[PDB]
Amino acid sequence: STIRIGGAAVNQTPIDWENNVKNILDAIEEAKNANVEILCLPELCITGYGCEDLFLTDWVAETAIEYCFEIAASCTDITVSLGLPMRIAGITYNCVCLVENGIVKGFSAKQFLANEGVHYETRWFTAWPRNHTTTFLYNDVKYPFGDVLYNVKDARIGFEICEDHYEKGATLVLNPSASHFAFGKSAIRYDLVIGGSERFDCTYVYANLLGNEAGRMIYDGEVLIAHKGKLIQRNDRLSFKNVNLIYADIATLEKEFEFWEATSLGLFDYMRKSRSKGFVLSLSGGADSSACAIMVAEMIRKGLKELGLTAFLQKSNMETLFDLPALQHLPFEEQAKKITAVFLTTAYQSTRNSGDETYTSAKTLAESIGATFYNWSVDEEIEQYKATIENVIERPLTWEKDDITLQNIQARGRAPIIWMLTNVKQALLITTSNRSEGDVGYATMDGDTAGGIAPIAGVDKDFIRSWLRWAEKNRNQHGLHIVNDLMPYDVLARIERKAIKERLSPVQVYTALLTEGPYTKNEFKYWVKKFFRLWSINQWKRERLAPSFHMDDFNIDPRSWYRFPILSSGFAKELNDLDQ
C-alpha cells in the first residue's frame, strides 16, 4: 500500500502567463501520466516570483486567480498546489492554492516574509497571522484561507511556504519555494527538508522555481522528496528544460562546479528572455574577459547536450540563422562551434600599447571555442581624442598628474565601436567587471562598464582565479593555458567580507585581520582605510552597473543585496578611530 507523491520545478518569467501556465499544465500532465496523486509546484509559480511592483497592481492579482481556476480544471484525478499573489480588502498576500480533482480546496498564506538581503517581500505582501483561518469569497464560494490543513484522498496536507503542522497531524508537508541560487545553499536545504520530515515524522516535499526568472536571481529547480528522516528522491538541479518532475511511492558540491551550472543556465535564460541574438565580448587576454568567453561557450554546449540541436536552437530563438545541415555534424563539437560562431562574437581591440602577447591569448581562446573573432585598432581614435583634449586645455597630458585620465581613455575609446558591433548583431554586450573591482571603483565608468550584462560582477577576483583553473582542467578549455589597486594576495576579499557581509566597522575589520595575519598593523590599517575610502567614493558606480547574477552569500548591487548611500561620510570618524 503506497501513495505516489511528486514535485516539479518550472522555469517561469514575470507575468508571462503563456509560458508560466503552459509549464504548470505540462507539469500536471507529466504527473498525471505517471499517475502521481499529489503534486507540489513552486512558490508564486503562476505569476513567477520576481514581479516586483507589478504585485502592487490590482490586475495582476485578478489575472492570476483567473488562471488559478482555469488550471484547476485540468487537475483531474490529482491534487496540485499553485502559487499566486492574492488581495483581500486591499491587503495582498503571498499564497498557495490547493486543488483536488478539479476543485479548489483552499488557500494558504505565507506567514514569514523574506525582507533581508536580496528579498523585499514586505513591499508587496503582508504576513499572515499564525493559526489564523478566514474565508476567501470568489464568485460565491467560501474557501478556507490562511493557516489551513488539507484533508484529501489518503493524506492530511500542510504547507510551509519557503522561508516559513506536526501538532496538527499532517502526514504530508508541501514546501513550494522560490529559493535563489547561492554557493553551498543546496546543502543547507538538504538538512532542512530531511530534518523537517524527521521532526514532523512524515513526508516532506520541496519544489523550487528554475532558471534566470527576472534577470539577477537564478533558481536551481531543486525538488526533494523526504520521508521520516530519509531522502527518497531528488532531481538534477539547474536543468535547461522548462519542467522537471520527480515522484516517489511512499509506504502506507564544489563552488567551481555550482558556478559552472548556475551561470550556464543563467546566461541561456537571460539571452533568450531578453531576445538577444547572442553576445558580443571584447577580449583583452585578461582573466575576466576569458572567464566570460568560456561561460558563453559552456552555456552553448551544456544546453545543446541536454536539449539537442533542434530544441536548443529553437529555444534560443535563432534557428533561422542556421541551416540544418546540422544535427549531422561530428563530433557534437563541430555543431557547437558553428553555433558559437553565431552566438559569440569576440574582438581584440588594440592600440600602439598592445603587445601581441595578449593578442595570441585572445585569438587562441576564440578559435578553440569557435567564436567569431575580429581584430581592429582604436589607436587612431584614442590618439585623436587625447590630441583634442591637450589642445582644449592648452597643455600636454602626461603620466604625471594625468595618470587616471590617460588610463580611462583606454577603456572608453573601446566602448563606441564594440557597441556598434553589438547593435549590428542585435546582440547582448558583455561587461567583464568582477565584484572585487566593484568594491573599489576599479572599472572605468562608461568604459569597461559598457554593456547590457555583467555575468561575473557577483563573484570576487580570487574566485574567478580559482574557476579559470578549474575550467581548463574539467571542461577541456585548454584555450585558457596562457591565462595561467586591488591589493594583491587575498586582502581585498577578506576586507570586503568582514565589512559588507559581516557588517563590521573599520576598526572591527582591522582587529580581526590582525589575529589572522600575516601583515603588520600599518599595512592592514592602510588597506582597510583604502577599502572604506574607495568604497564610499564609488557607490555611485555600483548604482550604474549592468545587471549581474547573484552567486555568493551576498552581492554588492544596491538594487539587490546591499543598499548604501551615494553621498556619505566616507567613514571619516571610523577611519580616524583606527588611529585614535
# chains A, B, ... in the order shown; residues from 1 in each chain; ligands from 1
>>> residues_around(residues="residue 180 in chain A", least_positions_apart="6", cutoff="8 Å", atoms="only C-alpha atoms", output="PyMOL selection string")
chain A and resi 217-220
>>> residues_around(residues="residue 222 in chain A", least_positions_apart="2", cutoff="10 Å", atoms="only C-alpha atoms", output="list in words")
residues 7, 8, 9, 10, 177, 179, 181, 186, 189, 206, 207, 208, 209, 210, 219, 220, 224, 234, 235, 236, 237, 238, 239, 244 and 245 of chain A
>>> write_last_selection(atoms="N, CA, C and O atoms", output="tab-separated table (two decimals), in the first residue's frame")
chain	number	residue	atom	x	y	z
A	7	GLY	N	6.81	16.29	-7.07
A	7	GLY	CA	7.10	17.71	-7.02
A	7	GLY	C	7.71	18.10	-8.35
A	7	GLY	O	8.36	17.29	-9.00
A	8	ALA	N	7.52	19.34	-8.76
A	8	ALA	CA	8.07	19.76	-10.03
A	8	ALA	C	8.60	21.18	-10.02
A	8	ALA	O	8.05	22.06	-9.38
A	9	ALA	N	9.70	21.38	-10.75
A	9	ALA	CA	10.30	22.69	-10.88
A	9	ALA	C	9.86	23.21	-12.25
A	9	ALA	O	9.76	22.43	-13.20
A	10	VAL	N	9.58	24.51	-12.34
A	10	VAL	CA	9.18	25.12	-13.60
A	10	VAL	C	9.95	26.43	-13.80
A	10	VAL	O	10.21	27.16	-12.85
A	177	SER	N	8.69	26.64	-3.07
A	177	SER	CA	9.69	27.66	-2.80
A	177	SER	C	10.18	28.45	-4.01
A	177	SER	O	9.98	28.07	-5.16
A	179	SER	N	13.66	29.81	-3.93
A	179	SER	CA	14.96	29.94	-3.28
A	179	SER	C	16.05	30.22	-4.31
A	179	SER	O	16.42	29.34	-5.08
A	181	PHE	N	19.64	30.78	-6.10
A	181	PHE	CA	20.88	30.03	-6.03
A	181	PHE	C	21.97	30.83	-5.31
A	181	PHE	O	22.04	32.05	-5.42
A	186	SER	N	22.31	24.65	-1.41
A	186	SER	CA	21.63	23.38	-1.61
A	186	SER	C	21.86	22.44	-0.42
A	186	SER	O	20.94	21.75	0.03
A	189	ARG	N	19.60	23.33	2.53
A	189	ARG	CA	18.24	22.95	2.17
A	189	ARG	C	18.04	21.45	2.43
A	189	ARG	O	17.00	21.02	2.92
A	206	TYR	N	9.74	19.38	-1.30
A	206	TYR	CA	10.29	20.70	-1.59
A	206	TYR	C	10.37	20.87	-3.11
A	206	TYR	O	10.97	20.04	-3.78
A	207	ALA	N	9.77	21.93	-3.65
A	207	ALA	CA	9.80	22.17	-5.10
A	207	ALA	C	10.20	23.61	-5.35
A	207	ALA	O	9.54	24.54	-4.89
A	208	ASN	N	11.28	23.81	-6.10
A	208	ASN	CA	11.77	25.15	-6.35
A	208	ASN	C	11.61	25.61	-7.80
A	208	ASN	O	11.51	24.79	-8.72
A	209	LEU	N	11.56	26.94	-7.98
A	209	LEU	CA	11.47	27.54	-9.30
A	209	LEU	C	12.79	27.20	-9.99
A	209	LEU	O	13.76	26.79	-9.32
A	210	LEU	N	12.84	27.35	-11.31
A	210	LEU	CA	14.03	27.01	-12.09
A	210	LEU	C	14.44	28.06	-13.12
A	210	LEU	O	13.59	28.57	-13.84
A	219	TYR	N	17.33	30.41	-10.08
A	219	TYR	CA	16.75	29.38	-9.22
A	219	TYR	C	17.26	28.02	-9.68
A	219	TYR	O	17.34	27.76	-10.88
A	220	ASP	N	17.63	27.17	-8.73
A	220	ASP	CA	18.20	25.87	-9.07
A	220	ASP	C	17.26	24.73	-9.46
A	220	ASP	O	17.71	23.63	-9.78
A	224	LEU	N	12.97	17.99	-3.81
A	224	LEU	CA	13.37	16.94	-2.88
A	224	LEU	C	12.15	16.29	-2.24
A	224	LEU	O	11.20	16.96	-1.86
A	234	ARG	N	15.28	12.93	-5.53
A	234	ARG	CA	15.77	14.27	-5.81
A	234	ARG	C	15.96	14.36	-7.31
A	234	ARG	O	16.17	13.34	-7.96
A	235	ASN	N	15.89	15.56	-7.87
A	235	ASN	CA	16.08	15.69	-9.30
A	235	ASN	C	17.43	16.32	-9.56
A	235	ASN	O	18.19	16.60	-8.62
A	236	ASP	N	17.76	16.51	-10.83
A	236	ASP	CA	19.02	17.12	-11.20
A	236	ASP	C	18.79	18.62	-11.26
A	236	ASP	O	17.90	19.09	-11.96
A	237	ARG	N	19.61	19.36	-10.52
A	237	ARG	CA	19.47	20.82	-10.46
A	237	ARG	C	19.94	21.55	-11.71
A	237	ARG	O	20.69	21.01	-12.52
A	238	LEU	N	19.46	22.79	-11.84
A	238	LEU	CA	19.82	23.68	-12.94
A	238	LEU	C	19.67	23.12	-14.35
A	238	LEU	O	20.51	23.35	-15.23
A	239	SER	N	18.56	22.42	-14.57
A	239	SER	CA	18.23	21.84	-15.87
A	239	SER	C	17.84	22.94	-16.86
A	239	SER	O	17.37	24.02	-16.47
A	244	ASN	N	10.71	20.05	-14.73
A	244	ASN	CA	11.49	18.95	-14.18
A	244	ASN	C	10.66	18.31	-13.08
A	244	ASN	O	10.51	18.88	-12.00
A	245	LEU	N	10.13	17.13	-13.35
A	245	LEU	CA	9.29	16.41	-12.40
A	245	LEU	C	9.94	15.16	-11.81
A	245	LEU	O	10.67	14.45	-12.50
>>> select_by_dssp(residues="range 112-319 of chain A", states="helix (DSSP H, G or I)", output="number ranges by chain")
A: 121-123, 166-168, 185-199, 255-273, 287-307, 309-315, 319
>>> residues_around(residues="residue 475 in chain A", least_positions_apart="2", cutoff="12 Å", atoms="only C-alpha atoms", output="tab-separated table (two decimals) with N, CA, C and O atoms, in the first residue's frame")
chain	number	residue	atom	x	y	z
A	256	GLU	N	33.17	25.88	-7.65
A	256	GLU	CA	33.52	25.99	-9.06
A	256	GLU	C	32.49	25.27	-9.93
A	256	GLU	O	32.13	25.75	-11.01
A	257	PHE	N	32.02	24.12	-9.46
A	257	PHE	CA	31.03	23.32	-10.18
A	257	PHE	C	29.66	24.00	-10.20
A	257	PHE	O	29.04	24.14	-11.25
A	260	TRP	N	29.61	26.86	-12.46
A	260	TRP	CA	29.54	26.42	-13.84
A	260	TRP	C	28.08	26.14	-14.23
A	260	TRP	O	27.60	26.62	-15.25
A	261	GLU	N	27.39	25.39	-13.39
A	261	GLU	CA	25.99	25.05	-13.64
A	261	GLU	C	25.08	26.27	-13.66
A	261	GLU	O	24.31	26.46	-14.60
A	294	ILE	N	34.46	31.70	-21.82
A	294	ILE	CA	34.24	30.29	-21.51
A	294	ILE	C	32.81	30.04	-21.06
A	294	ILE	O	32.21	29.03	-21.41
A	295	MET	N	32.25	30.98	-20.30
A	295	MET	CA	30.89	30.85	-19.80
A	295	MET	C	29.86	30.75	-20.92
A	295	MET	O	28.95	29.93	-20.86
A	297	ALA	N	30.57	29.83	-23.94
A	297	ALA	CA	30.94	28.58	-24.60
A	297	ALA	C	30.33	27.38	-23.90
A	297	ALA	O	29.79	26.48	-24.54
A	298	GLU	N	30.44	27.36	-22.57
A	298	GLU	CA	29.90	26.27	-21.77
A	298	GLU	C	28.37	26.25	-21.79
A	298	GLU	O	27.75	25.18	-21.79
A	299	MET	N	27.75	27.42	-21.81
A	299	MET	CA	26.30	27.52	-21.84
A	299	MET	C	25.77	26.84	-23.10
A	299	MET	O	24.81	26.06	-23.04
A	301	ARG	N	27.25	24.55	-25.04
A	301	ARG	CA	27.50	23.12	-25.02
A	301	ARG	C	26.62	22.38	-24.02
A	301	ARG	O	26.08	21.32	-24.33
A	302	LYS	N	26.45	22.94	-22.83
A	302	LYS	CA	25.61	22.30	-21.82
A	302	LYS	C	24.17	22.20	-22.33
A	302	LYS	O	23.54	21.15	-22.24
A	369	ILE	N	36.94	27.72	-29.32
A	369	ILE	CA	35.53	27.55	-28.98
A	369	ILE	C	34.65	27.81	-30.19
A	369	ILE	O	33.44	27.58	-30.16
A	467	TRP	N	38.30	29.57	-10.51
A	467	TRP	CA	37.40	28.98	-11.50
A	467	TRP	C	38.05	28.78	-12.87
A	467	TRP	O	37.78	27.79	-13.55
A	468	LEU	N	38.89	29.73	-13.29
A	468	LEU	CA	39.55	29.63	-14.59
A	468	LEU	C	40.48	28.42	-14.66
A	468	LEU	O	40.64	27.81	-15.72
A	469	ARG	N	41.09	28.08	-13.53
A	469	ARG	CA	41.98	26.93	-13.50
A	469	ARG	C	41.10	25.68	-13.59
A	469	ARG	O	41.41	24.74	-14.33
A	470	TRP	N	39.99	25.71	-12.86
A	470	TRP	CA	39.02	24.62	-12.82
A	470	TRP	C	38.43	24.34	-14.20
A	470	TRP	O	38.14	23.20	-14.54
A	471	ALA	N	38.26	25.40	-14.99
A	471	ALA	CA	37.69	25.28	-16.33
A	471	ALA	C	38.62	24.57	-17.31
A	471	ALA	O	38.21	23.65	-18.01
A	472	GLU	N	39.87	25.02	-17.36
A	472	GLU	CA	40.83	24.39	-18.26
A	472	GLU	C	40.94	22.91	-17.93
A	472	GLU	O	41.05	22.07	-18.82
A	473	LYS	N	40.90	22.60	-16.64
A	473	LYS	CA	41.00	21.23	-16.14
A	473	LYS	C	39.83	20.32	-16.51
A	473	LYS	O	39.99	19.38	-17.28
A	477	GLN	N	39.05	23.18	-21.53
A	477	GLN	CA	39.21	24.50	-22.13
A	477	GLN	C	40.68	24.88	-22.03
A	477	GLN	O	41.06	25.78	-21.29
A	478	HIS	N	41.51	24.16	-22.78
A	478	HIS	CA	42.95	24.39	-22.77
A	478	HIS	C	43.29	25.72	-23.43
A	478	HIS	O	44.45	26.13	-23.45
A	479	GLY	N	42.27	26.38	-23.97
A	479	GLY	CA	42.48	27.67	-24.60
A	479	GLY	C	42.81	28.68	-23.52
A	479	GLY	O	43.16	29.83	-23.80
A	480	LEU	N	42.70	28.24	-22.27
A	480	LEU	CA	42.98	29.08	-21.11
A	480	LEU	C	44.39	28.86	-20.58
A	480	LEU	O	44.75	29.37	-19.52
>>> residues_around(residues="residue 335 in chain A", least_positions_apart="6", cutoff="10 Å", atoms="only C-alpha atoms", output="MDAnalysis selection string")
chainID A and resid 301 304 309 324:329 341 370
>>> atom_distance(atom1="CA of residue 74 in chain A", atom2="CA of residue 101 in chain A")
8.5 Å
>>> residues_around(residues="residue 464 in chain A", least_positions_apart="2", cutoff="12 Å", atoms="only C-alpha atoms", output="number ranges by chain")
A: 255-256, 259-260, 286-292, 294-295, 432-437, 455-462, 466-471, 483
>>> residues_around(residues="residue 419 in chain A", least_positions_apart="4", cutoff="8 Å", atoms="only C-alpha atoms", output="tab-separated table (two decimals) with N, CA and C atoms, in the first residue's frame")
chain	number	residue	atom	x	y	z
A	415	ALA	N	34.77	51.50	-26.16
A	415	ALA	CA	33.33	51.35	-25.99
A	415	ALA	C	32.45	51.60	-27.21
A	423	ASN	N	25.20	46.37	-31.84
A	423	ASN	CA	23.96	46.82	-32.46
A	423	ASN	C	23.76	46.16	-33.82
A	429	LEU	N	25.77	42.96	-25.26
A	429	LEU	CA	27.16	43.30	-24.95
A	429	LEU	C	27.54	42.98	-23.52
A	451	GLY	N	27.89	48.02	-21.62
A	451	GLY	CA	27.25	46.75	-21.92
A	451	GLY	C	25.87	46.59	-21.31
>>> select_by_dssp(residues="range 130-169 of chain A", states="strand (DSSP E or B)", output="PyMOL selection string")
chain A and resi 133-138+141-146+150-152+155-159
>>> write_last_selection(atoms="N, CA and C atoms", output="PDB file, in the first residue's frame")
ATOM      1  N   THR A 133      -7.406  31.476  10.470  1.00  0.00           N
ATOM      2  CA  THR A 133      -8.102  30.917   9.322  1.00  0.00           C
ATOM      3  C   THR A 133      -9.354  31.729   9.037  1.00  0.00           C
ATOM      4  N   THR A 134      -9.465  32.232   7.815  1.00  0.00           N
ATOM      5  CA  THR A 134     -10.626  33.014   7.418  1.00  0.00           C
ATOM      6  C   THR A 134     -11.226  32.397   6.162  1.00  0.00           C
ATOM      7  N   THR A 135     -12.011  33.185   5.440  1.00  0.00           N
ATOM      8  CA  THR A 135     -12.640  32.715   4.219  1.00  0.00           C
ATOM      9  C   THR A 135     -12.424  33.694   3.079  1.00  0.00           C
ATOM     10  N   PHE A 136     -12.151  33.151   1.899  1.00  0.00           N
ATOM     11  CA  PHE A 136     -11.947  33.956   0.706  1.00  0.00           C
ATOM     12  C   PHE A 136     -13.145  33.692  -0.195  1.00  0.00           C
ATOM     13  N   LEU A 137     -13.874  34.747  -0.540  1.00  0.00           N
ATOM     14  CA  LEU A 137     -15.048  34.617  -1.398  1.00  0.00           C
ATOM     15  C   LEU A 137     -14.752  34.914  -2.860  1.00  0.00           C
ATOM     16  N   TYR A 138     -14.802  33.883  -3.697  1.00  0.00           N
ATOM     17  CA  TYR A 138     -14.577  34.062  -5.124  1.00  0.00           C
ATOM     18  C   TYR A 138     -15.859  33.629  -5.818  1.00  0.00           C
ATOM     19  N   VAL A 141     -18.353  31.238  -3.641  1.00  0.00           N
ATOM     20  CA  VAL A 141     -17.903  30.112  -2.830  1.00  0.00           C
ATOM     21  C   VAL A 141     -16.980  30.557  -1.699  1.00  0.00           C
ATOM     22  N   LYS A 142     -17.127  29.920  -0.540  1.00  0.00           N
ATOM     23  CA  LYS A 142     -16.314  30.236   0.630  1.00  0.00           C
ATOM     24  C   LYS A 142     -15.170  29.234   0.770  1.00  0.00           C
ATOM     25  N   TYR A 143     -13.950  29.691   0.499  1.00  0.00           N
ATOM     26  CA  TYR A 143     -12.765  28.842   0.574  1.00  0.00           C
ATOM     27  C   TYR A 143     -11.924  29.092   1.817  1.00  0.00           C
ATOM     28  N   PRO A 144     -11.458  28.019   2.476  1.00  0.00           N
ATOM     29  CA  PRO A 144     -10.633  28.221   3.669  1.00  0.00           C
ATOM     30  C   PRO A 144      -9.421  29.049   3.219  1.00  0.00           C
ATOM     31  N   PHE A 145      -8.965  29.975   4.062  1.00  0.00           N
ATOM     32  CA  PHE A 145      -7.825  30.826   3.719  1.00  0.00           C
ATOM     33  C   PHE A 145      -6.947  31.130   4.930  1.00  0.00           C
ATOM     34  N   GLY A 146      -5.635  31.154   4.715  1.00  0.00           N
ATOM     35  CA  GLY A 146      -4.709  31.450   5.793  1.00  0.00           C
ATOM     36  C   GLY A 146      -3.917  30.251   6.263  1.00  0.00           C
ATOM     37  N   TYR A 150      -5.150  20.453   4.907  1.00  0.00           N
ATOM     38  CA  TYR A 150      -5.995  19.870   3.869  1.00  0.00           C
ATOM     39  C   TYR A 150      -6.201  18.369   3.966  1.00  0.00           C
ATOM     40  N   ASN A 151      -7.463  17.959   3.990  1.00  0.00           N
ATOM     41  CA  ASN A 151      -7.802  16.546   4.054  1.00  0.00           C
ATOM     42  C   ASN A 151      -8.170  16.069   2.654  1.00  0.00           C
ATOM     43  N   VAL A 152      -7.300  15.260   2.060  1.00  0.00           N
ATOM     44  CA  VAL A 152      -7.543  14.733   0.725  1.00  0.00           C
ATOM     45  C   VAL A 152      -7.250  13.239   0.665  1.00  0.00           C
ATOM     46  N   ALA A 155      -4.346  11.443   2.667  1.00  0.00           N
ATOM     47  CA  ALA A 155      -3.359  12.284   3.332  1.00  0.00           C
ATOM     48  C   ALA A 155      -3.897  13.594   3.894  1.00  0.00           C
ATOM     49  N   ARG A 156      -3.175  14.120   4.879  1.00  0.00           N
ATOM     50  CA  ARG A 156      -3.505  15.387   5.521  1.00  0.00           C
ATOM     51  C   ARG A 156      -2.354  16.329   5.179  1.00  0.00           C
ATOM     52  N   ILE A 157      -2.622  17.277   4.292  1.00  0.00           N
ATOM     53  CA  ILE A 157      -1.599  18.203   3.822  1.00  0.00           C
ATOM     54  C   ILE A 157      -1.477  19.537   4.544  1.00  0.00           C
ATOM     55  N   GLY A 158      -0.232  19.946   4.759  1.00  0.00           N
ATOM     56  CA  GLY A 158       0.050  21.217   5.398  1.00  0.00           C
ATOM     57  C   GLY A 158       1.109  21.913   4.561  1.00  0.00           C
ATOM     58  N   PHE A 159       1.089  23.242   4.529  1.00  0.00           N
ATOM     59  CA  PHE A 159       2.072  23.996   3.755  1.00  0.00           C
ATOM     60  C   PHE A 159       3.100  24.721   4.609  1.00  0.00           C
TER      61      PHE A 159
END
>>> closest_residue(among="A:352, A:368, A:264, A:258", to="residue 338 in chain A", atoms="only C-alpha atoms")
A:368
>>> atom_distance(atom1="CA of residue 529 in chain A", atom2="CA of residue 567 in chain A")
17.6 Å
>>> atom_distance(atom1="CA of residue 444 in chain A", atom2="CA of residue 265 in chain A")
28.6 Å
>>> closest_residue(among="A:404, A:300, A:187, A:80", to="residue 271 in chain A", atoms="only C-alpha atoms")
A:300
